[PDB]
$ cat run18.cif   # mmCIF, C-alpha atoms; chains and numbers go by the auth columns
data_run
#
loop_
_atom_site.group_PDB
_atom_site.id
_atom_site.type_symbol
_atom_site.label_atom_id
_atom_site.label_comp_id
_atom_site.label_asym_id
_atom_site.label_seq_id
_atom_site.Cartn_x
_atom_site.Cartn_y
_atom_site.Cartn_z
_atom_site.B_iso_or_equiv
_atom_site.auth_seq_id
_atom_site.auth_asym_id
ATOM 1 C CA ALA A 1 -17.272 9.708 0.326 0.00 1 Q
ATOM 2 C CA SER A 2 -14.434 7.097 0.413 0.00 2 Q
ATOM 3 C CA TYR A 3 -11.476 6.571 -1.962 0.00 3 Q
ATOM 4 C CA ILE A 4 -8.562 4.127 -1.808 0.00 4 Q
ATOM 5 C CA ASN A 5 -8.232 1.962 1.322 0.00 5 Q
ATOM 6 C CA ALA A 6 -5.086 0.033 0.352 0.00 6 Q
ATOM 7 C CA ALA A 7 -2.644 -0.534 -2.487 0.00 7 Q
ATOM 8 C CA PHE A 8 0.348 -2.639 -3.445 0.00 8 Q
ATOM 9 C CA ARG A 9 2.814 -2.832 -6.307 0.00 9 Q
ATOM 10 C CA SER A 10 2.552 -5.924 -8.503 0.00 10 Q
ATOM 11 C CA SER A 11 5.455 -8.065 -9.666 0.00 11 Q
ATOM 12 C CA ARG A 12 4.077 -7.194 -13.141 0.00 12 Q
ATOM 13 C CA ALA A 13 5.696 -4.045 -14.470 0.00 13 Q
ATOM 14 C CA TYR A 14 3.627 -0.909 -13.921 0.00 14 Q
ATOM 15 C CA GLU A 15 0.676 -2.728 -12.404 0.00 15 Q
ATOM 16 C CA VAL A 16 -0.904 -1.671 -9.090 0.00 16 Q
ATOM 17 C CA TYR A 17 -3.739 -3.187 -7.069 0.00 17 Q
ATOM 18 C CA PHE A 18 -6.140 -0.737 -5.398 0.00 18 Q
ATOM 19 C CA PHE A 19 -8.608 -1.878 -2.724 0.00 19 Q
ATOM 20 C CA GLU A 20 -11.848 0.048 -2.069 0.00 20 Q
ATOM 21 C CA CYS A 21 -14.009 -1.510 0.627 0.00 21 Q
ATOM 22 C CA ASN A 22 -14.741 -5.109 -0.440 0.00 22 Q
ATOM 23 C CA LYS A 23 -13.680 -4.527 -4.053 0.00 23 Q
ATOM 24 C CA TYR A 24 -10.536 -3.839 -6.062 0.00 24 Q
ATOM 25 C CA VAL A 25 -9.098 -2.819 -9.463 0.00 25 Q
ATOM 26 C CA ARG A 26 -5.803 -3.637 -11.107 0.00 26 Q
ATOM 27 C CA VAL A 27 -4.386 -0.637 -13.062 0.00 27 Q
ATOM 28 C CA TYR A 28 -1.597 -0.270 -15.635 0.00 28 Q
ATOM 29 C CA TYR A 29 -0.176 3.073 -14.447 0.00 29 Q
ATOM 30 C CA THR A 30 1.871 5.788 -16.031 0.00 30 Q
ATOM 31 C CA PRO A 31 4.085 7.979 -13.776 0.00 31 Q
ATOM 32 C CA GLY A 32 3.775 11.678 -14.518 0.00 32 Q
ATOM 33 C CA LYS A 33 0.826 11.270 -16.999 0.00 33 Q
ATOM 34 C CA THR A 34 -2.953 10.739 -16.848 0.00 34 Q
ATOM 35 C CA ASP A 35 -2.566 7.651 -19.067 0.00 35 Q
ATOM 36 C CA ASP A 36 -3.321 5.000 -16.433 0.00 36 Q
ATOM 37 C CA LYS A 37 -5.789 2.319 -17.553 0.00 37 Q
ATOM 38 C CA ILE A 38 -7.767 -0.426 -15.902 0.00 38 Q
ATOM 39 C CA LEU A 39 -6.773 -4.070 -16.445 0.00 39 Q
ATOM 40 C CA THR A 40 -9.250 -5.621 -13.944 0.00 40 Q
ATOM 41 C CA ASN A 41 -12.609 -3.847 -13.837 0.00 41 Q
ATOM 42 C CA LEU A 42 -14.012 -3.225 -10.328 0.00 42 Q
ATOM 43 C CA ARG A 43 -14.362 -6.736 -8.782 0.00 43 Q
ATOM 44 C CA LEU A 44 -15.057 -8.199 -5.392 0.00 44 Q
ATOM 45 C CA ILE A 45 -11.881 -9.227 -3.572 0.00 45 Q
ATOM 46 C CA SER A 46 -13.480 -12.626 -2.973 0.00 46 Q
ATOM 47 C CA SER A 47 -13.777 -13.073 -6.776 0.00 47 Q
ATOM 48 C CA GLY A 48 -10.251 -11.940 -7.744 0.00 48 Q
ATOM 49 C CA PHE A 49 -8.680 -13.852 -4.850 0.00 49 Q
ATOM 50 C CA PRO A 50 -10.729 -16.923 -4.100 0.00 50 Q
ATOM 51 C CA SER A 51 -8.158 -17.915 -1.427 0.00 51 Q
ATOM 52 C CA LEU A 52 -9.576 -14.938 0.572 0.00 52 Q
ATOM 53 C CA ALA A 53 -13.297 -15.835 0.143 0.00 53 Q
ATOM 54 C CA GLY A 54 -15.020 -16.063 3.549 0.00 54 Q
ATOM 55 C CA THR A 55 -12.251 -14.054 5.323 0.00 55 Q
ATOM 56 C CA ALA A 56 -12.151 -10.494 6.740 0.00 56 Q
ATOM 57 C CA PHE A 57 -9.993 -9.655 3.711 0.00 57 Q
ATOM 58 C CA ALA A 58 -12.955 -10.243 1.388 0.00 58 Q
ATOM 59 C CA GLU A 59 -15.653 -8.808 3.721 0.00 59 Q
ATOM 60 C CA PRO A 60 -15.337 -6.098 4.838 0.00 60 Q
ATOM 61 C CA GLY A 61 -12.163 -5.995 2.726 0.00 61 Q
ATOM 62 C CA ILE A 62 -8.456 -5.118 2.772 0.00 62 Q
ATOM 63 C CA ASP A 63 -7.570 -1.967 4.748 0.00 63 Q
ATOM 64 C CA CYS A 64 -3.760 -2.146 4.349 0.00 64 Q
ATOM 65 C CA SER A 65 -1.346 -4.060 2.155 0.00 65 Q
ATOM 66 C CA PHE A 66 2.230 -4.236 0.948 0.00 66 Q
ATOM 67 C CA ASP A 67 4.177 -6.181 -1.588 0.00 67 Q
ATOM 68 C CA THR A 68 7.317 -8.025 -0.387 0.00 68 Q
ATOM 69 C CA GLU A 69 9.044 -10.015 -3.123 0.00 69 Q
ATOM 70 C CA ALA A 70 8.082 -12.167 -6.097 0.00 70 Q
ATOM 71 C CA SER A 71 4.245 -12.217 -6.274 0.00 71 Q
ATOM 72 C CA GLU A 72 3.833 -12.079 -2.460 0.00 72 Q
ATOM 73 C CA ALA A 73 2.100 -9.486 -0.309 0.00 73 Q
ATOM 74 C CA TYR A 74 0.767 -8.937 3.194 0.00 74 Q
ATOM 75 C CA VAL A 75 -2.859 -7.909 3.503 0.00 75 Q
ATOM 76 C CA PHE A 76 -4.705 -6.584 6.534 0.00 76 Q
ATOM 77 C CA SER A 77 -8.312 -6.131 7.713 0.00 77 Q
ATOM 78 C CA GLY A 78 -8.609 -4.575 11.179 0.00 78 Q
ATOM 79 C CA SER A 79 -6.397 -6.597 13.523 0.00 79 Q
ATOM 80 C CA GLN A 80 -6.204 -9.532 11.094 0.00 80 Q
ATOM 81 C CA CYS A 81 -3.493 -10.141 8.537 0.00 81 Q
ATOM 82 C CA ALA A 82 -2.373 -12.699 6.010 0.00 82 Q
ATOM 83 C CA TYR A 83 0.596 -13.418 3.741 0.00 83 Q
ATOM 84 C CA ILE A 84 -0.617 -14.250 0.220 0.00 84 Q
ATOM 85 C CA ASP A 85 0.724 -15.183 -3.190 0.00 85 Q
ATOM 86 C CA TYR A 86 -1.489 -13.128 -5.599 0.00 86 Q
ATOM 87 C CA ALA A 87 -0.224 -15.235 -8.626 0.00 87 Q
ATOM 88 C CA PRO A 88 -0.727 -12.737 -11.479 0.00 88 Q
ATOM 89 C CA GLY A 89 -2.106 -14.085 -14.724 0.00 89 Q
ATOM 90 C CA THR A 90 -3.409 -17.268 -12.985 0.00 90 Q
ATOM 91 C CA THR A 91 -6.012 -18.543 -10.559 0.00 91 Q
ATOM 92 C CA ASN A 92 -3.247 -19.928 -8.274 0.00 92 Q
ATOM 93 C CA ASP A 93 -3.560 -17.276 -5.481 0.00 93 Q
ATOM 94 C CA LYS A 94 -3.143 -18.793 -2.010 0.00 94 Q
ATOM 95 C CA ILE A 95 -2.701 -17.863 1.645 0.00 95 Q
ATOM 96 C CA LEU A 96 0.921 -18.561 2.678 0.00 96 Q
ATOM 97 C CA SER A 97 0.546 -17.574 6.401 0.00 97 Q
ATOM 98 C CA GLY A 98 -2.472 -16.732 8.607 0.00 98 Q
ATOM 99 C CA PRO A 99 -5.055 -15.337 8.642 0.00 99 Q
ATOM 100 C CA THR A 100 -3.933 -14.343 12.174 0.00 100 Q
ATOM 101 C CA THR A 101 -3.618 -11.221 14.301 0.00 101 Q
ATOM 102 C CA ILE A 102 -0.992 -8.575 13.459 0.00 102 Q
ATOM 103 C CA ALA A 103 0.729 -9.258 16.794 0.00 103 Q
ATOM 104 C CA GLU A 104 0.914 -12.977 16.048 0.00 104 Q
ATOM 105 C CA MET A 105 2.186 -12.393 12.454 0.00 105 Q
ATOM 106 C CA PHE A 106 4.780 -9.840 13.622 0.00 106 Q
ATOM 107 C CA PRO A 107 5.502 -10.351 17.338 0.00 107 Q
ATOM 108 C CA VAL A 108 7.720 -7.202 17.445 0.00 108 Q
ATOM 109 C CA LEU A 109 4.501 -5.237 16.834 0.00 109 Q
ATOM 110 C CA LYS A 110 2.657 -6.716 19.825 0.00 110 Q
ATOM 111 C CA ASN A 111 1.823 -3.931 22.301 0.00 111 Q
ATOM 112 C CA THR A 112 2.716 -1.282 19.723 0.00 112 Q
ATOM 113 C CA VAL A 113 0.473 1.251 17.906 0.00 113 Q
ATOM 114 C CA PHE A 114 0.283 -1.254 15.000 0.00 114 Q
ATOM 115 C CA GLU A 115 -1.192 -4.237 16.870 0.00 115 Q
ATOM 116 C CA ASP A 116 -4.895 -3.261 16.382 0.00 116 Q
ATOM 117 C CA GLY A 117 -4.467 -2.157 12.744 0.00 117 Q
ATOM 118 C CA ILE A 118 -2.182 -0.515 10.248 0.00 118 Q
ATOM 119 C CA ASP A 119 -3.366 2.412 8.135 0.00 119 Q
ATOM 120 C CA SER A 120 -0.955 2.114 5.247 0.00 120 Q
ATOM 121 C CA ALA A 121 2.337 0.659 4.121 0.00 121 Q
ATOM 122 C CA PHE A 122 4.734 0.628 1.187 0.00 122 Q
ATOM 123 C CA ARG A 123 7.856 -1.237 0.149 0.00 123 Q
ATOM 124 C CA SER A 124 11.139 0.550 0.704 0.00 124 Q
ATOM 125 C CA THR A 125 14.163 0.415 -1.548 0.00 125 Q
ATOM 126 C CA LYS A 126 16.256 -0.232 1.670 0.00 126 Q
ATOM 127 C CA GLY A 127 16.834 -4.011 2.021 0.00 127 Q
ATOM 128 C CA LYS A 128 13.579 -5.895 2.881 0.00 128 Q
ATOM 129 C CA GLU A 129 12.097 -2.880 4.653 0.00 129 Q
ATOM 130 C CA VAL A 130 8.455 -1.821 4.547 0.00 130 Q
ATOM 131 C CA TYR A 131 7.119 1.506 5.880 0.00 131 Q
ATOM 132 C CA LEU A 132 4.155 1.110 8.283 0.00 132 Q
ATOM 133 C CA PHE A 133 1.849 4.055 9.094 0.00 133 Q
ATOM 134 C CA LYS A 134 -0.687 4.393 11.932 0.00 134 Q
ATOM 135 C CA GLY A 135 -2.171 7.798 12.758 0.00 135 Q
ATOM 136 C CA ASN A 136 0.634 10.361 12.672 0.00 136 Q
ATOM 137 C CA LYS A 137 3.168 7.679 13.515 0.00 137 Q
ATOM 138 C CA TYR A 138 5.325 5.398 11.371 0.00 138 Q
ATOM 139 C CA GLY A 139 7.934 2.687 11.557 0.00 139 Q
ATOM 140 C CA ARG A 140 9.710 0.190 9.400 0.00 140 Q
ATOM 141 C CA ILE A 141 9.673 -3.591 9.409 0.00 141 Q
ATOM 142 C CA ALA A 142 12.090 -5.897 7.606 0.00 142 Q
ATOM 143 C CA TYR A 143 9.545 -8.454 6.297 0.00 143 Q
ATOM 144 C CA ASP A 144 11.962 -11.388 6.114 0.00 144 Q
ATOM 145 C CA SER A 145 13.417 -11.215 9.630 0.00 145 Q
ATOM 146 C CA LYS A 146 10.232 -9.570 10.994 0.00 146 Q
ATOM 147 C CA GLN A 147 12.445 -7.129 12.903 0.00 147 Q
ATOM 148 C CA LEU A 148 11.168 -3.672 13.658 0.00 148 Q
ATOM 149 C CA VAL A 149 13.951 -1.421 12.290 0.00 149 Q
ATOM 150 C CA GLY A 150 14.420 1.355 14.865 0.00 150 Q
ATOM 151 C CA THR A 151 11.549 3.041 16.560 0.00 151 Q
ATOM 152 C CA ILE A 152 8.073 4.281 15.856 0.00 152 Q
ATOM 153 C CA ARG A 153 8.224 8.093 15.282 0.00 153 Q
ATOM 154 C CA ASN A 154 6.136 10.865 13.820 0.00 154 Q
ATOM 155 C CA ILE A 155 5.717 10.693 10.049 0.00 155 Q
ATOM 156 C CA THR A 156 7.475 14.051 9.789 0.00 156 Q
ATOM 157 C CA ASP A 157 10.532 12.809 11.712 0.00 157 Q
ATOM 158 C CA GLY A 158 11.239 10.616 8.639 0.00 158 Q
ATOM 159 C CA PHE A 159 9.445 12.765 6.061 0.00 159 Q
ATOM 160 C CA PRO A 160 9.754 16.443 7.004 0.00 160 Q
ATOM 161 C CA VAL A 161 8.907 17.185 3.321 0.00 161 Q
ATOM 162 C CA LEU A 162 5.297 16.350 4.295 0.00 162 Q
ATOM 163 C CA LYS A 163 5.132 19.020 7.018 0.00 163 Q
ATOM 164 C CA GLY A 164 2.264 21.399 6.288 0.00 164 Q
ATOM 165 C CA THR A 165 0.398 18.771 4.226 0.00 165 Q
ATOM 166 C CA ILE A 166 -2.415 16.486 5.430 0.00 166 Q
ATOM 167 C CA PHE A 167 -0.063 13.523 5.114 0.00 167 Q
ATOM 168 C CA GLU A 168 1.700 14.755 8.285 0.00 168 Q
ATOM 169 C CA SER A 169 -1.330 13.438 10.309 0.00 169 Q
ATOM 170 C CA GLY A 170 -1.668 10.043 8.540 0.00 170 Q
ATOM 171 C CA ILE A 171 -1.867 8.129 5.284 0.00 171 Q
ATOM 172 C CA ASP A 172 -4.901 6.038 4.098 0.00 172 Q
ATOM 173 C CA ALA A 173 -3.078 4.019 1.388 0.00 173 Q
ATOM 174 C CA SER A 174 0.275 3.917 -0.401 0.00 174 Q
ATOM 175 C CA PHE A 175 2.391 1.907 -2.739 0.00 175 Q
ATOM 176 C CA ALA A 176 5.920 1.949 -4.010 0.00 176 Q
ATOM 177 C CA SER A 177 6.282 2.767 -7.707 0.00 177 Q
ATOM 178 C CA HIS A 178 8.041 0.620 -10.248 0.00 178 Q
ATOM 179 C CA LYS A 179 9.960 3.801 -10.890 0.00 179 Q
ATOM 180 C CA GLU A 180 12.362 3.723 -7.936 0.00 180 Q
ATOM 181 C CA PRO A 181 12.567 5.442 -5.487 0.00 181 Q
ATOM 182 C CA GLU A 182 9.099 6.915 -5.969 0.00 182 Q
ATOM 183 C CA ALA A 183 5.986 6.188 -3.927 0.00 183 Q
ATOM 184 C CA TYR A 184 2.337 7.253 -3.997 0.00 184 Q
ATOM 185 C CA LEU A 185 0.627 8.364 -0.753 0.00 185 Q
ATOM 186 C CA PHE A 186 -3.158 8.654 -0.590 0.00 186 Q
ATOM 187 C CA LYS A 187 -5.263 10.433 2.054 0.00 187 Q
ATOM 188 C CA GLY A 188 -9.000 10.710 1.524 0.00 188 Q
ATOM 189 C CA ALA A 189 -9.674 12.328 -1.845 0.00 189 Q
ATOM 190 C CA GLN A 190 -6.028 13.410 -2.428 0.00 190 Q
ATOM 191 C CA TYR A 191 -2.653 11.972 -3.218 0.00 191 Q
ATOM 192 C CA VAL A 192 0.961 12.904 -3.706 0.00 192 Q
ATOM 193 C CA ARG A 193 3.939 11.337 -5.382 0.00 193 Q
ATOM 194 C CA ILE A 194 7.210 11.373 -3.454 0.00 194 Q
ATOM 195 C CA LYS A 195 10.817 10.416 -4.077 0.00 195 Q
ATOM 196 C CA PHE A 196 11.836 8.834 -0.769 0.00 196 Q
ATOM 197 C CA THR A 197 15.308 8.492 0.722 0.00 197 Q
ATOM 198 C CA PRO A 198 15.717 5.713 3.344 0.00 198 Q
ATOM 199 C CA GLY A 199 17.906 6.850 6.270 0.00 199 Q
ATOM 200 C CA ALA A 200 17.806 10.538 5.179 0.00 200 Q
ATOM 201 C CA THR A 201 15.383 13.461 5.211 0.00 201 Q
ATOM 202 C CA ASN A 202 16.224 14.098 1.530 0.00 202 Q
ATOM 203 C CA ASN A 203 12.734 13.062 0.291 0.00 203 Q
ATOM 204 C CA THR A 204 11.146 15.243 -2.389 0.00 204 Q
ATOM 205 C CA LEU A 205 7.625 15.895 -3.627 0.00 205 Q
ATOM 206 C CA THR A 206 7.292 15.060 -7.312 0.00 206 Q
ATOM 207 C CA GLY A 207 4.645 17.693 -8.311 0.00 207 Q
ATOM 208 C CA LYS A 208 1.767 18.812 -6.027 0.00 208 Q
ATOM 209 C CA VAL A 209 -0.794 17.309 -3.585 0.00 209 Q
ATOM 210 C CA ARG A 210 -3.875 16.899 -5.770 0.00 210 Q
ATOM 211 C CA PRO A 211 -7.168 15.032 -6.036 0.00 211 Q
ATOM 212 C CA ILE A 212 -6.740 11.346 -6.992 0.00 212 Q
ATOM 213 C CA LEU A 213 -9.260 11.694 -9.848 0.00 213 Q
ATOM 214 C CA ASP A 214 -7.202 14.499 -11.383 0.00 214 Q
ATOM 215 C CA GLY A 215 -4.040 12.373 -11.572 0.00 215 Q
ATOM 216 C CA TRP A 216 -5.814 9.009 -12.074 0.00 216 Q
ATOM 217 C CA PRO A 217 -8.853 9.838 -14.206 0.00 217 Q
ATOM 218 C CA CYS A 218 -9.359 6.191 -15.173 0.00 218 Q
ATOM 219 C CA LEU A 219 -10.858 5.798 -11.662 0.00 219 Q
ATOM 220 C CA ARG A 220 -13.524 8.467 -12.144 0.00 220 Q
ATOM 221 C CA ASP A 221 -16.449 6.005 -12.721 0.00 221 Q
ATOM 222 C CA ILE A 222 -15.660 3.931 -9.588 0.00 222 Q
ATOM 223 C CA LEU A 223 -14.629 6.591 -6.992 0.00 223 Q
ATOM 224 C CA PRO A 224 -15.700 7.819 -4.667 0.00 224 Q
ATOM 225 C CA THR A 225 -17.664 5.062 -2.851 0.00 225 Q
#
$ encode --input "run18.cif" --output "structure tokens"
Amino acid sequence: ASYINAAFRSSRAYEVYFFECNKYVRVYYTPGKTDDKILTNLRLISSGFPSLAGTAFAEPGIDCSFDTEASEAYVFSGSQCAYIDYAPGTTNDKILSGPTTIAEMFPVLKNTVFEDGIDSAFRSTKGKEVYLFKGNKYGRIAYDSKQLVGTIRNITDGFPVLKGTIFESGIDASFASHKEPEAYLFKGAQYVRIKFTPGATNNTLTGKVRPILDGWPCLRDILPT
């Protein structure tokens, strides 16, 4: 069974987009409570985002994503990526850059562990940084300069709080919360909420590692796939 393959934080307060294969939902979420609700019922990506129809991002779907600023996000499908405006509340979504390869979008990533795919990503509170995860490795990109910030290390070199959890070996999906500096990390059937600390190993777990459907019961009729 499969769960969440990608996520990103909307410009709209307390909205999140979740991608599952070739489909997605938009959820109005509630930190610390099982009061999340669906705003967009399970829909093909190609329907929600006609700009993506006929691309890898629609079929087989989006396998990594992150929000940047405004109503912009990067989306990924295998080695391909695109910069989009997801234009909430309208039909004005559009591709701003690409589709192209990861290495062409972000030349600093050419020849790195990220060039053939990214597993997960989320927006940092530090500047324009975005966390990138691939296997048990992670780095940070500043989206606006496209600079790799530092080096690509083990997840637990940045996030020792995740030692002894399955997240130490990789993350399937993630997004930054509207409640800063929290983030949600997903791995198969499970998730955890963290408070992250850029440049420090002061990150905390907010609660326990638990099944997604326990914390997000509004998803129980659509997951797993």
$ axis_aligned_box --input "run18.cif" --around "stretch 28-40 of chain Q" --padding-each-side "6 Å" --output "lines of an AutoDock Vina configuration file"
center_x = -2.6
center_y = 3.0
center_z = -16.4
size_x = 25.3
size_y = 29.3
size_z = 17.3
$ closest_atom_pairs --input "run18.cif" --of "stretch 68-110 of chain Q" --to "stretch 4-14 of chain Q" --cutoff "10 Å" --atoms "all atoms listed in the file" --output "tab-separated table"
residue	atom	partner	partner_atom	distance
Q:68	CA	Q:9	CA	9.1
Q:69	CA	Q:11	CA	7.7
Q:70	CA	Q:11	CA	6.0
Q:71	CA	Q:11	CA	5.5
Q:72	CA	Q:11	CA	8.4
Q:73	CA	Q:8	CA	7.7
Q:74	CA	Q:8	CA	9.2
Q:75	CA	Q:6	CA	8.8
Q:76	CA	Q:6	CA	9.1
Q:86	CA	Q:10	CA	8.8
Q:87	CA	Q:11	CA	9.2
Q:88	CA	Q:12	CA	7.5
Q:89	CA	Q:12	CA	9.4
$ residues_near_point --input "run18.cif" --point "(-5.3, 14.5, -6.8)" --cutoff "8 Å" --atoms "all atoms listed in the file" --output "PyMOL selection string"
chain Q and resi 189-192+209-216
$ atom_distance --input "run18.cif" --atom1 "atom CA of residue Q:156" --atom2 "atom CA of residue Q:196"
12.6 Å
$ atom_distance --input "run18.cif" --atom1 "atom CA of residue Q:2" --atom2 "atom CA of residue Q:183"
20.9 Å
$ closest_atom_pairs --input "run18.cif" --of "stretch 78-123 of chain Q" --to "stretch 131-151 of chain Q" --cutoff "9 Å" --atoms "all atoms listed in the file" --output "JSON lines"
{"residue": "Q:105", "atom": "CA", "partner": "Q:146", "partner_atom": "CA", "distance": 8.7}
{"residue": "Q:106", "atom": "CA", "partner": "Q:146", "partner_atom": "CA", "distance": 6.1}
{"residue": "Q:107", "atom": "CA", "partner": "Q:146", "partner_atom": "CA", "distance": 8.0}
{"residue": "Q:108", "atom": "CA", "partner": "Q:148", "partner_atom": "CA", "distance": 6.2}
{"residue": "Q:109", "atom": "CA", "partner": "Q:148", "partner_atom": "CA", "distance": 7.5}
{"residue": "Q:113", "atom": "CA", "partner": "Q:134", "partner_atom": "CA", "distance": 6.8}
{"residue": "Q:114", "atom": "CA", "partner": "Q:134", "partner_atom": "CA", "distance": 6.5}
{"residue": "Q:117", "atom": "CA", "partner": "Q:134", "partner_atom": "CA", "distance": 7.6}
{"residue": "Q:118", "atom": "CA", "partner": "Q:134", "partner_atom": "CA", "distance": 5.4}
{"residue": "Q:119", "atom": "CA", "partner": "Q:134", "partner_atom": "CA", "distance": 5.1}
{"residue": "Q:120", "atom": "CA", "partner": "Q:133", "partner_atom": "CA", "distance": 5.1}
{"residue": "Q:121", "atom": "CA", "partner": "Q:132", "partner_atom": "CA", "distance": 4.6}
{"residue": "Q:122", "atom": "CA", "partner": "Q:131", "partner_atom": "CA", "distance": 5.3}
{"residue": "Q:123", "atom": "CA", "partner": "Q:131", "partner_atom": "CA", "distance": 6.4}
$ atom_distance --input "run18.cif" --atom1 "atom CA of residue Q:103" --atom2 "atom CA of residue Q:197"
28.0 Å
$ resolve_selection --input "run18.cif" --expression "the PyMOL selection byres ((chain Q and resi 199) around 12)" --output "JSON list (two decimals) with C-alpha atoms, keeping the file's coordinate frame"
[["chain", "number", "residue", "atom", "x", "y", "z"],
["Q", 124, "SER", "CA", 11.14, 0.55, 0.70],
["Q", 125, "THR", "CA", 14.16, 0.42, -1.55],
["Q", 126, "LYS", "CA", 16.26, -0.23, 1.67],
["Q", 127, "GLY", "CA", 16.83, -4.01, 2.02],
["Q", 129, "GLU", "CA", 12.10, -2.88, 4.65],
["Q", 140, "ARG", "CA", 9.71, 0.19, 9.40],
["Q", 149, "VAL", "CA", 13.95, -1.42, 12.29],
["Q", 150, "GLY", "CA", 14.42, 1.36, 14.86],
["Q", 157, "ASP", "CA", 10.53, 12.81, 11.71],
["Q", 158, "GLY", "CA", 11.24, 10.62, 8.64],
["Q", 159, "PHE", "CA", 9.44, 12.76, 6.06],
["Q", 196, "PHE", "CA", 11.84, 8.83, -0.77],
["Q", 197, "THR", "CA", 15.31, 8.49, 0.72],
["Q", 198, "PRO", "CA", 15.72, 5.71, 3.34],
["Q", 200, "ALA", "CA", 17.81, 10.54, 5.18],
["Q", 201, "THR", "CA", 15.38, 13.46, 5.21],
["Q", 202, "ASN", "CA", 16.22, 14.10, 1.53],
["Q", 203, "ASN", "CA", 12.73, 13.06, 0.29]]
$ residues_around --input "run18.cif" --residues "stretch 45-49 of chain Q" --least-positions-apart "4" --cutoff "7 Å" --atoms "only C-alpha atoms" --output "MDAnalysis selection string"
chainID Q and resid 22:24 53 58 93
$ resolve_selection --input "run18.cif" --expression "the PyMOL selection byres ((chain Q and resi 37) around 9)" --output "PyMOL selection string"
chain Q and resi 26-30+34-36+38-39+216-219
